[PDB]
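Down below is the structure, laid out as structure tokens.
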2 protein chains.
Amino acid sequence: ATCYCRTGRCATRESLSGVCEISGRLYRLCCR
Amino acid sequence: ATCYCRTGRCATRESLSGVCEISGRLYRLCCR
């Protein structure tokens, strides 16, 4: 499992596996 | 995929697939 915290989109787009709003910014999780 | 940003550990432990330190917290990603 390799996932990472993105502040918006990541190179794959359709793979939003989680979200965390931290420091007023939305951190999406996209994982492979 | 269901992932979540945890500051320490999660119920699965070593499923840490990514990290992001934000606001002094280490956001470890573990996913299912």
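I'd like the full set of residues that are outside any strand (DSSP E or B) and either under 12 Å from B:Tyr27 (Cβ atoms) or at the interface with chain B (Cβ under 7 Å from one of its Cβ atoms) (or both), limited to the stretch A:16-32. Before you say what the answer is, go through the steps one by one.
The first filter runs over the stretch A:16-32 and keeps only residues outside any strand (DSSP E or B), leaving A:16-17, A:23-24, A:32.
Hits for the stretch A:16-32 are A:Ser17, A:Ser23.
I want to confirm something. Restricting to the stretch A:1-14 and keeping residues that are in a loop (DSSP other than H, G, I, E, B) and within 7 Å of chain B (Cβ to nearest Cβ), which single residue is surrounded by the most Cβ atoms within 10 Å (Cβ to Cβ)?
A:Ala1
Every read-out reported here was derived from the displayed coordinates using simple, explicitly stated rules and does not represent laboratory data. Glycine also receives a Cβ, built like all others from the backbone with ideal geometry; neighbour counts cover every protein chain displayed.
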